[PDB]
file target27.txt (compact mmCIF, C-alpha atoms and all ligand atoms)
# COMPACT_ATOMS: atom_id res chain seq x y z
CA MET A 31 138.65 27.83 -6.75
CA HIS A 32 138.88 26.22 -3.29
CA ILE A 33 135.33 26.83 -2.02
CA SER A 34 133.20 23.72 -1.77
CA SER A 35 129.95 23.42 -3.67
CA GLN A 36 128.33 22.71 -0.28
CA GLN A 37 129.49 26.18 0.90
CA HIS A 38 128.32 27.95 -2.29
CA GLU A 39 124.94 26.24 -2.01
CA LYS A 40 124.60 27.14 1.67
CA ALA A 41 125.56 30.76 1.04
CA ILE A 42 123.11 31.33 -1.77
CA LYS A 43 120.32 29.56 0.13
CA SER A 44 121.02 31.92 3.06
CA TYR A 45 120.44 35.02 0.83
CA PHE A 46 116.88 33.86 0.20
CA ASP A 47 116.38 32.70 3.79
CA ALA A 48 117.52 36.12 5.11
CA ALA A 49 115.02 37.93 2.86
CA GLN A 50 112.30 35.75 4.43
CA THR A 51 111.11 34.41 1.12
CA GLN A 52 111.32 31.34 -1.03
CA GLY A 53 113.17 31.36 -4.31
CA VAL A 54 115.65 29.96 -6.79
CA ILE A 55 118.41 31.39 -8.99
CA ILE A 56 119.34 29.37 -12.06
CA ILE A 57 122.72 29.99 -13.64
CA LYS A 58 123.72 28.65 -17.03
CA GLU A 59 127.42 28.14 -17.91
CA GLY A 60 127.63 26.96 -21.46
CA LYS A 61 125.03 24.21 -21.71
CA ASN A 62 125.00 23.37 -17.97
CA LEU A 63 122.16 24.68 -15.76
CA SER A 64 122.77 25.00 -12.04
CA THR A 65 119.93 25.66 -9.62
CA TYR A 66 120.61 27.42 -6.29
CA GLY A 67 118.53 29.02 -3.55
CA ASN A 68 116.15 27.91 -0.80
CA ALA A 69 113.29 26.43 -2.84
CA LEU A 70 114.80 24.45 -5.65
CA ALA A 71 111.50 22.89 -6.77
CA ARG A 72 110.43 26.29 -8.13
CA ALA A 73 112.81 25.68 -11.09
CA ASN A 74 110.25 23.87 -13.32
CA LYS A 75 107.09 25.56 -12.00
CA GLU A 76 105.15 28.02 -14.15
CA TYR A 77 104.65 31.64 -13.06
CA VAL A 78 103.46 34.70 -14.96
CA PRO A 79 106.41 36.41 -16.62
CA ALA A 80 105.14 39.81 -15.39
CA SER A 81 107.43 42.62 -16.62
CA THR A 82 110.15 40.22 -17.81
CA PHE A 83 107.83 39.94 -20.86
CA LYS A 84 108.92 43.51 -21.82
CA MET A 85 112.04 41.97 -23.37
CA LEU A 86 109.96 39.96 -25.80
CA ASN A 87 107.30 42.66 -26.25
CA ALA A 88 110.16 45.02 -27.37
CA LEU A 89 111.67 42.44 -29.76
CA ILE A 90 108.26 41.84 -31.33
CA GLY A 91 107.39 45.56 -31.62
CA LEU A 92 110.74 46.55 -33.11
CA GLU A 93 110.88 43.60 -35.53
CA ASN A 94 107.35 44.37 -36.78
CA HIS A 95 107.92 48.17 -37.07
CA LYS A 96 105.47 49.06 -34.36
CA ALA A 97 108.05 51.36 -32.84
CA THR A 98 111.60 52.64 -33.23
CA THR A 99 114.21 52.94 -30.54
CA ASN A 100 114.09 56.74 -30.55
CA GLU A 101 110.30 57.07 -30.64
CA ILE A 102 108.91 58.96 -27.65
CA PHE A 103 105.80 57.37 -26.18
CA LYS A 104 103.92 60.37 -24.76
CA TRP A 105 102.30 60.32 -21.37
CA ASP A 106 98.54 60.70 -21.90
CA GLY A 107 98.23 62.90 -18.82
CA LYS A 108 96.27 60.36 -16.72
CA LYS A 109 97.25 59.40 -13.17
CA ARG A 110 99.51 56.34 -13.05
CA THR A 111 100.46 53.96 -10.30
CA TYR A 112 103.94 55.51 -9.99
CA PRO A 113 104.85 59.21 -10.51
CA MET A 114 107.93 58.14 -12.40
CA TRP A 115 105.65 56.79 -15.15
CA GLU A 116 103.98 60.23 -15.64
CA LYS A 117 106.37 61.23 -18.36
CA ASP A 118 107.22 60.74 -22.01
CA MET A 119 109.66 57.94 -22.72
CA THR A 120 111.36 55.74 -25.25
CA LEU A 121 111.15 51.94 -25.13
CA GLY A 122 114.55 51.86 -23.47
CA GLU A 123 113.58 54.28 -20.74
CA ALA A 124 110.34 52.39 -20.24
CA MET A 125 112.35 49.12 -19.94
CA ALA A 126 114.50 50.59 -17.18
CA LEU A 127 111.48 51.99 -15.30
CA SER A 128 109.31 48.94 -16.11
CA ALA A 129 106.67 51.37 -17.37
CA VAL A 130 103.73 49.10 -18.01
CA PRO A 131 101.60 51.71 -19.88
CA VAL A 132 104.24 52.16 -22.61
CA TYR A 133 104.46 48.41 -23.15
CA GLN A 134 100.66 48.14 -23.12
CA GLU A 135 100.60 50.71 -25.94
CA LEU A 136 103.22 48.70 -27.81
CA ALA A 137 101.18 45.50 -27.33
CA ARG A 138 98.02 47.24 -28.65
CA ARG A 139 99.94 48.41 -31.75
CA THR A 140 101.12 44.86 -32.37
CA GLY A 141 97.60 43.55 -31.80
CA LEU A 142 96.29 40.19 -30.58
CA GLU A 143 96.63 38.22 -33.81
CA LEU A 144 100.24 39.17 -34.48
CA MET A 145 101.21 38.94 -30.79
CA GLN A 146 99.90 35.34 -30.51
CA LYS A 147 101.72 34.40 -33.74
CA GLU A 148 104.98 35.87 -32.54
CA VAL A 149 104.78 34.42 -29.02
CA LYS A 150 104.12 30.97 -30.69
CA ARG A 151 106.98 31.49 -33.15
CA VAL A 152 109.43 32.24 -30.33
CA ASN A 153 108.09 29.38 -28.17
CA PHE A 154 108.00 31.53 -25.06
CA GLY A 155 106.72 29.75 -21.94
CA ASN A 156 103.40 28.01 -22.36
CA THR A 157 102.89 30.22 -25.46
CA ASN A 158 99.21 31.10 -24.64
CA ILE A 159 98.21 34.77 -24.60
CA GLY A 160 94.44 34.24 -24.51
CA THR A 161 92.14 37.05 -25.70
CA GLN A 162 93.39 40.24 -23.92
CA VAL A 163 96.37 41.76 -25.74
CA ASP A 164 97.21 44.32 -22.99
CA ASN A 165 97.57 42.20 -19.85
CA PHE A 166 98.28 38.56 -20.83
CA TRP A 167 101.81 38.71 -19.34
CA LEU A 168 100.54 40.16 -16.03
CA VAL A 169 97.53 38.08 -14.96
CA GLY A 170 97.76 34.97 -17.14
CA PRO A 171 97.23 33.03 -19.19
CA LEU A 172 100.89 33.31 -20.26
CA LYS A 173 103.25 31.46 -17.90
CA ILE A 174 106.87 30.42 -17.94
CA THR A 175 109.30 28.48 -15.76
CA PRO A 176 112.58 29.75 -14.35
CA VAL A 177 114.38 27.18 -16.56
CA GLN A 178 112.54 28.58 -19.59
CA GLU A 179 113.46 32.16 -18.54
CA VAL A 180 117.15 31.42 -18.19
CA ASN A 181 117.09 29.66 -21.60
CA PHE A 182 115.36 32.70 -23.12
CA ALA A 183 118.09 34.92 -21.65
CA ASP A 184 120.72 32.54 -23.04
CA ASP A 185 119.10 32.80 -26.48
CA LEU A 186 118.96 36.61 -26.40
CA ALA A 187 122.51 36.99 -25.03
CA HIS A 188 123.84 34.90 -27.95
CA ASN A 189 121.48 36.39 -30.58
CA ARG A 190 119.79 33.06 -31.15
CA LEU A 191 116.15 34.20 -31.02
CA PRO A 192 114.35 34.27 -34.40
CA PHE A 193 114.61 38.02 -34.85
CA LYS A 194 116.99 40.09 -36.86
CA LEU A 195 120.39 40.54 -35.27
CA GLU A 196 119.79 44.33 -35.20
CA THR A 197 116.47 43.89 -33.34
CA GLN A 198 118.19 41.72 -30.72
CA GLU A 199 121.06 44.18 -30.37
CA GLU A 200 118.61 47.10 -29.92
CA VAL A 201 116.79 45.34 -27.06
CA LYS A 202 120.04 44.20 -25.40
CA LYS A 203 121.13 47.85 -25.30
CA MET A 204 117.97 48.58 -23.22
CA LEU A 205 118.85 45.99 -20.56
CA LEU A 206 122.13 47.22 -19.06
CA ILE A 207 121.46 47.56 -15.30
CA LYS A 208 124.88 47.33 -13.65
CA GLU A 209 128.62 47.43 -14.23
CA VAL A 210 130.78 45.68 -11.63
CA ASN A 211 134.54 46.01 -12.28
CA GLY A 212 134.79 44.93 -15.98
CA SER A 213 131.55 42.88 -15.88
CA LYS A 214 128.24 44.10 -17.26
CA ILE A 215 124.87 42.83 -16.07
CA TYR A 216 122.03 42.88 -18.57
CA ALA A 217 118.66 41.99 -17.06
CA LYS A 218 115.01 42.71 -16.71
CA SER A 219 113.06 42.60 -13.48
CA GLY A 220 109.55 41.22 -13.04
CA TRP A 221 106.98 41.61 -10.31
CA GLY A 222 103.59 39.91 -10.62
CA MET A 223 101.45 42.47 -8.81
CA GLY A 224 98.21 40.92 -10.14
CA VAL A 225 98.64 37.30 -9.01
CA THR A 226 98.67 35.68 -5.54
CA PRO A 227 101.22 34.85 -4.33
CA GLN A 228 103.19 37.57 -6.16
CA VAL A 229 106.16 36.42 -8.19
CA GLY A 230 109.46 38.32 -8.44
CA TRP A 231 111.95 37.80 -11.30
CA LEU A 232 115.32 39.05 -12.39
CA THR A 233 116.34 37.48 -15.66
CA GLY A 234 119.37 38.26 -17.77
CA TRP A 235 123.05 37.60 -18.17
CA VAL A 236 126.48 38.70 -17.05
CA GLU A 237 128.87 39.76 -19.80
CA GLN A 238 132.36 39.21 -18.41
CA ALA A 239 135.47 41.25 -19.40
CA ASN A 240 136.63 38.40 -21.68
CA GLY A 241 133.28 38.30 -23.58
CA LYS A 242 131.84 35.14 -21.90
CA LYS A 243 128.08 35.46 -21.25
CA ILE A 244 126.58 33.77 -18.18
CA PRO A 245 122.75 33.77 -18.21
CA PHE A 246 120.72 33.66 -15.01
CA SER A 247 117.14 33.79 -13.78
CA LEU A 248 116.14 34.58 -10.22
CA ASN A 249 112.58 33.69 -9.22
CA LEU A 250 111.09 34.27 -5.79
CA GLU A 251 107.93 35.13 -3.89
CA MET A 252 107.46 38.88 -3.33
CA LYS A 253 106.01 39.28 0.20
CA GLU A 254 103.97 42.17 1.68
CA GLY A 255 106.18 45.25 2.09
CA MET A 256 109.22 43.70 0.36
CA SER A 257 111.27 46.19 -1.70
CA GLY A 258 111.84 45.49 -5.45
CA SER A 259 115.61 45.88 -4.96
CA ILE A 260 115.72 42.55 -3.03
CA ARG A 261 115.66 40.83 -6.45
CA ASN A 262 118.76 42.71 -7.47
CA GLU A 263 120.49 42.32 -4.11
CA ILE A 264 120.08 38.54 -3.95
CA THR A 265 121.12 38.23 -7.60
CA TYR A 266 124.31 40.27 -7.18
CA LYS A 267 125.29 38.49 -3.94
CA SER A 268 124.76 35.11 -5.64
CA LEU A 269 126.71 35.97 -8.74
CA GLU A 270 129.54 37.42 -6.59
CA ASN A 271 129.59 34.31 -4.33
CA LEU A 272 130.06 32.12 -7.41
CA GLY A 273 132.83 34.39 -8.76
CA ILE A 274 130.78 35.23 -11.89
CA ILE A 275 131.18 38.87 -10.95
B1 LIG B 301 106.41 44.63 -13.94
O1 LIG B 301 106.39 43.23 -13.33
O2 LIG B 301 107.48 45.39 -13.31
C1 LIG B 301 107.02 46.39 -12.38
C2 LIG B 301 105.54 46.38 -12.56
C3 LIG B 301 105.14 45.45 -13.48
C4 LIG B 301 103.77 45.19 -13.63
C5 LIG B 301 102.86 46.05 -12.95
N1 LIG B 301 101.45 46.08 -13.19
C6 LIG B 301 100.61 45.05 -13.12
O3 LIG B 301 100.93 43.89 -12.85
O4 LIG B 301 99.21 45.46 -13.25
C7 LIG B 301 98.09 44.73 -12.71
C8 LIG B 301 97.94 43.40 -13.44
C9 LIG B 301 98.27 44.49 -11.20
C10 LIG B 301 96.84 45.58 -12.97
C11 LIG B 301 103.29 47.05 -12.10
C12 LIG B 301 104.64 47.24 -11.91

call {"tool": "encode", "arguments": {"input": "target27.txt", "output": "structure tokens", "more": "lines below"}}
Ligand SMILES: *[B@@]1([O])O[C]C2=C1[C]=C([N]C(=O)OC([C])([C])[C])[C]=[C]2
result
Amino acid sequence: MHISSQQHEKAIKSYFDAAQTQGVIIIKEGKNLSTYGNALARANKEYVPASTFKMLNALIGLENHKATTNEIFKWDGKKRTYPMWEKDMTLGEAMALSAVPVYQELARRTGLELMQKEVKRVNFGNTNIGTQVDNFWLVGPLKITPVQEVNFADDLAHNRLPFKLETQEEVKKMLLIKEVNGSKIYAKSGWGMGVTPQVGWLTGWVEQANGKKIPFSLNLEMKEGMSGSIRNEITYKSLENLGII
């Protein structure tokens, strides 16, 4: 392709600049990590994983028979932050809606002791979950870097995490968020509502027509009144600019 790296870099930086935030998107092609965006130093800084942790919470719960993929987690009938969460759902539906209460139930079934063992076994982020099994991914102490998130996505895309192949395939099926021509984007969003500043994530991979998998992790600051879809919009524009989709 004829486009200079200077032009790619400028373009992707401009997507973050135009959203009036600061962020980075890391793309991995084979073993090579490339960092783009308007705040490149964010790449090895630690942030809460927020709802990106649902990927690992689901792997842990399924591997340890705390749930099945068809099990319906019933709404308890209490008011929730979003009306869309006031319904009964499977893990997959809860992944797509980022329904925190379903994943809090799953975490409680797993329990603190097992959760800390599994998070250590996977070597996710700083690996510390502290003492509160139902919010450790939302308010600390668990933290992870964008480089660590893209490497996690790389591991899951290639079935390299230390879970059964079937467990990994089950969770991957929950993560399909877009199809663009013959490309599929598998990813999970994150929004750290309970930290300041608030972190936004979109971490996953592109599966191209030919079967090549290109992992990515977008990380930015979510500003007052910003819409969640900005994470998706910047990610898709960046991937399209690079010709990945
Ligand atoms: B997740 O990042 O995706 C959407 C979302 C997610 C987490 C939360 N809740 C949350 O952070 O709860 C506290 C810690 C603010 C109480 C809401 C929506």

call {"tool": "atom_distance", "arguments": {"input": "target27.txt", "atom1": "atom CA of residue 237 of chain A", "atom2": "atom CA of residue 215 of chain A"}}
result
6.3 Å

call {"tool": "closest_residue", "arguments": {"input": "target27.txt", "among": "A:80, A:172, A:42, A:217", "to": "residue 184 of chain A", "atoms": "all atoms listed in the file"}}
result
A:217

call {"tool": "closest_residue", "arguments": {"input": "target27.txt", "among": "A:81, A:120, A:247, A:165", "to": "ligand LIG 301 (chain B)", "atoms": "all atoms listed in the file"}}
result
A:81

call {"tool": "closest_residue", "arguments": {"input": "target27.txt", "among": "A:219, A:52, A:265, A:111", "to": "residue 131 of chain A", "atoms": "only C-alpha atoms"}}
result
A:111

call {"tool": "closest_atom_pairs", "arguments": {"input": "target27.txt", "of": "chain A", "to": "ligand LIG 301 (chain B)", "cutoff": "6 Å", "atoms": "only C-alpha atoms and all ligand atoms", "output": "Markdown table"}}
result
| residue | atom | partner | partner_atom | distance |
| --- | --- | --- | --- | --- |
| A:80 | CA | B:LIG301 | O1 | 4.2 |
| A:81 | CA | B:LIG301 | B1 | 3.5 |
| A:128 | CA | B:LIG301 | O2 | 4.9 |
| A:130 | CA | B:LIG301 | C4 | 5.9 |
| A:168 | CA | B:LIG301 | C8 | 4.9 |
| A:169 | CA | B:LIG301 | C8 | 5.5 |
| A:220 | CA | B:LIG301 | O1 | 3.8 |
| A:221 | CA | B:LIG301 | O1 | 3.5 |
| A:222 | CA | B:LIG301 | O1 | 5.1 |
| A:223 | CA | B:LIG301 | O3 | 4.3 |
| A:224 | CA | B:LIG301 | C9 | 3.7 |

call {"tool": "closest_residue", "arguments": {"input": "target27.txt", "among": "A:264, A:204, A:248, A:225", "to": "residue 48 of chain A", "atoms": "all atoms listed in the file"}}
result
A:264

call {"tool": "closest_residue", "arguments": {"input": "target27.txt", "among": "A:252, A:71, A:126, A:174", "to": "residue 207 of chain A", "atoms": "all atoms listed in the file"}}
result
A:126

call {"tool": "atom_distance", "arguments": {"input": "target27.txt", "atom1": "atom CA of residue 260 of chain A", "atom2": "atom CA of residue 218 of chain A"}}
result
13.7 Å

call {"tool": "closest_residue", "arguments": {"input": "target27.txt", "among": "A:205, A:210, A:92, A:152", "to": "residue 178 of chain A", "atoms": "only C-alpha atoms"}}
result
A:152

call {"tool": "residues_around", "arguments": {"input": "target27.txt", "residues": "residue 235 of chain A", "least_positions_apart": "6", "cutoff": "8 Å", "atoms": "all atoms listed in the file", "output": "VMD selection string"}}
result
chain A and resid 183 to 184 187 215 to 217 243 to 246

call {"tool": "atom_distance", "arguments": {"input": "target27.txt", "atom1": "atom CA of residue 208 of chain A", "atom2": "atom CA of residue 242 of chain A"}}
result
16.3 Å

call {"tool": "residues_around", "arguments": {"input": "target27.txt", "residues": "residue 161 of chain A", "least_positions_apart": "6", "cutoff": "10 Å", "atoms": "all atoms listed in the file", "output": "PyMOL selection string"}}
result
chain A and resi 142-143+146+171

call {"tool": "residues_around", "arguments": {"input": "target27.txt", "residues": "residue 132 of chain A", "least_positions_apart": "4", "cutoff": "8 Å", "atoms": "all atoms listed in the file", "output": "list in words"}}
result
residues 103, 119, 121, 124 and 136 of chain A

call {"tool": "residues_near_point", "arguments": {"input": "target27.txt", "point": "(103.0, 25.0, -10.9)", "cutoff": "12 Å", "atoms": "only C-alpha atoms", "output": "PyMOL selection string"}}
result
chain A and resi 71-78+156+173-176+227

call {"tool": "residues_around", "arguments": {"input": "target27.txt", "residues": "residue 254 of chain A", "least_positions_apart": "2", "cutoff": "12 Å", "atoms": "only C-alpha atoms", "output": "list in words"}}
result
residues 49, 50, 51, 223, 226, 227, 228, 229, 251, 252, 256, 257 and 258 of chain A

call {"tool": "residues_around", "arguments": {"input": "target27.txt", "residues": "segment 86-90 of chain A", "least_positions_apart": "3", "cutoff": "10 Å", "atoms": "all atoms listed in the file", "output": "JSON, numbers by chain"}}
result
{"A": [81, 82, 83, 93, 94, 95, 96, 97, 98, 99, 121, 122, 125, 133, 134, 136, 137, 140, 144, 145, 148, 149, 152, 154, 167, 182, 186, 191, 192, 193, 194, 196, 197, 198, 199, 200, 201, 202, 204]}

call {"tool": "axis_aligned_box", "arguments": {"input": "target27.txt", "around": "segment 95-101 of chain A", "padding_each_side": "4 Å", "output": "JSON"}}
result
{"center_x": 109.8, "center_y": 52.6, "center_z": -33.8, "size_x": 16.7, "size_y": 16.9, "size_z": 14.5}

call {"tool": "build_atoms", "arguments": {"input": "target27.txt", "residues": "segment 224-255 of chain A", "atoms": "N, CA and C atoms", "output": "mmCIF file, keeping the file's coordinate frame"}}
result
data_model
loop_
_atom_site.group_PDB
_atom_site.id
_atom_site.type_symbol
_atom_site.label_atom_id
_atom_site.label_comp_id
_atom_site.auth_asym_id
_atom_site.auth_seq_id
_atom_site.Cartn_x
_atom_site.Cartn_y
_atom_site.Cartn_z
ATOM 1 N N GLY A 224 99.600 41.353 -9.944
ATOM 2 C CA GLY A 224 98.210 40.920 -10.140
ATOM 3 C C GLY A 224 97.915 39.448 -9.983
ATOM 4 N N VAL A 225 98.844 38.713 -9.354
ATOM 5 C CA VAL A 225 98.640 37.300 -9.010
ATOM 6 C C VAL A 225 98.901 37.107 -7.517
ATOM 7 N N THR A 226 98.372 36.039 -6.940
ATOM 8 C CA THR A 226 98.670 35.680 -5.540
ATOM 9 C C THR A 226 99.096 34.215 -5.483
ATOM 10 N N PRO A 227 100.200 33.897 -4.803
ATOM 11 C CA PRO A 227 101.220 34.850 -4.330
ATOM 12 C C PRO A 227 101.892 35.597 -5.492
ATOM 13 N N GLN A 228 102.549 36.702 -5.166
ATOM 14 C CA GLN A 228 103.190 37.570 -6.160
ATOM 15 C C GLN A 228 104.558 37.017 -6.468
ATOM 16 N N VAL A 229 104.880 36.951 -7.748
ATOM 17 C CA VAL A 229 106.160 36.420 -8.190
ATOM 18 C C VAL A 229 107.119 37.590 -8.441
ATOM 19 N N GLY A 230 108.389 37.386 -8.107
ATOM 20 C CA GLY A 230 109.460 38.320 -8.440
ATOM 21 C C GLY A 230 110.486 37.607 -9.321
ATOM 22 N N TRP A 231 111.002 38.327 -10.318
ATOM 23 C CA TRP A 231 111.950 37.800 -11.300
ATOM 24 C C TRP A 231 113.099 38.775 -11.474
ATOM 25 N N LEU A 232 114.272 38.253 -11.760
ATOM 26 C CA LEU A 232 115.320 39.050 -12.390
ATOM 27 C C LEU A 232 116.022 38.132 -13.368
ATOM 28 N N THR A 233 115.883 38.422 -14.652
ATOM 29 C CA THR A 233 116.340 37.480 -15.660
ATOM 30 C C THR A 233 117.264 38.215 -16.615
ATOM 31 N N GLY A 234 118.443 37.652 -16.851
ATOM 32 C CA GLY A 234 119.370 38.260 -17.770
ATOM 33 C C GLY A 234 120.670 37.491 -17.926
ATOM 34 N N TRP A 235 121.751 38.221 -18.105
ATOM 35 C CA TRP A 235 123.050 37.600 -18.170
ATOM 36 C C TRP A 235 124.147 38.541 -17.743
ATOM 37 N N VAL A 236 125.274 37.953 -17.351
ATOM 38 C CA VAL A 236 126.480 38.700 -17.050
ATOM 39 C C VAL A 236 127.350 38.622 -18.297
ATOM 40 N N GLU A 237 127.875 39.763 -18.735
ATOM 41 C CA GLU A 237 128.870 39.760 -19.800
ATOM 42 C C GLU A 237 130.205 40.058 -19.133
ATOM 43 N N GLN A 238 131.076 39.065 -19.114
ATOM 44 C CA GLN A 238 132.360 39.210 -18.410
ATOM 45 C C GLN A 238 133.338 39.944 -19.314
ATOM 46 N N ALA A 239 134.387 40.497 -18.700
ATOM 47 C CA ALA A 239 135.470 41.250 -19.400
ATOM 48 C C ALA A 239 135.923 40.562 -20.683
ATOM 49 N N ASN A 240 136.223 39.275 -20.552
ATOM 50 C CA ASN A 240 136.630 38.400 -21.680
ATOM 51 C C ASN A 240 135.569 38.083 -22.751
ATOM 52 N N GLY A 241 134.337 38.579 -22.611
ATOM 53 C CA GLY A 241 133.280 38.300 -23.580
ATOM 54 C C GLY A 241 132.394 37.087 -23.293
ATOM 55 N N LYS A 242 132.719 36.263 -22.287
ATOM 56 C CA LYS A 242 131.840 35.140 -21.900
ATOM 57 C C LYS A 242 130.526 35.694 -21.346
ATOM 58 N N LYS A 243 129.413 35.070 -21.731
ATOM 59 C CA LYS A 243 128.080 35.460 -21.250
ATOM 60 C C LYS A 243 127.506 34.368 -20.374
ATOM 61 N N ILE A 244 127.072 34.731 -19.171
ATOM 62 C CA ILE A 244 126.580 33.770 -18.180
ATOM 63 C C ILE A 244 125.130 34.165 -17.861
ATOM 64 N N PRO A 245 124.173 33.497 -18.499
ATOM 65 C CA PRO A 245 122.750 33.770 -18.210
ATOM 66 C C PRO A 245 122.299 33.300 -16.832
ATOM 67 N N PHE A 246 121.312 34.002 -16.306
ATOM 68 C CA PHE A 246 120.720 33.660 -15.010
ATOM 69 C C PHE A 246 119.235 34.038 -14.978
ATOM 70 N N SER A 247 118.503 33.390 -14.076
ATOM 71 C CA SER A 247 117.140 33.790 -13.780
ATOM 72 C C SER A 247 116.889 33.552 -12.291
ATOM 73 N N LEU A 248 116.580 34.629 -11.582
ATOM 74 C CA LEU A 248 116.140 34.580 -10.220
ATOM 75 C C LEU A 248 114.613 34.628 -10.216
ATOM 76 N N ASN A 249 114.016 33.788 -9.374
ATOM 77 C CA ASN A 249 112.580 33.690 -9.220
ATOM 78 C C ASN A 249 112.277 33.530 -7.760
ATOM 79 N N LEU A 250 111.424 34.389 -7.219
ATOM 80 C CA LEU A 250 111.090 34.270 -5.790
ATOM 81 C C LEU A 250 109.668 34.751 -5.533
ATOM 82 N N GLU A 251 109.212 34.590 -4.298
ATOM 83 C CA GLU A 251 107.930 35.130 -3.890
ATOM 84 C C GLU A 251 108.128 36.525 -3.297
ATOM 85 N N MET A 252 107.430 37.525 -3.856
ATOM 86 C CA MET A 252 107.460 38.880 -3.330
ATOM 87 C C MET A 252 106.410 38.954 -2.208
ATOM 88 N N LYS A 253 106.869 39.235 -1.003
ATOM 89 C CA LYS A 253 106.010 39.280 0.200
ATOM 90 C C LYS A 253 105.579 40.704 0.486
ATOM 91 N N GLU A 254 104.474 40.843 1.221
ATOM 92 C CA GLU A 254 103.970 42.170 1.680
ATOM 93 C C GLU A 254 105.086 43.060 2.222
ATOM 94 N N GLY A 255 105.185 44.271 1.665
ATOM 95 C CA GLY A 255 106.180 45.250 2.090
ATOM 96 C C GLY A 255 107.626 45.004 1.690
#
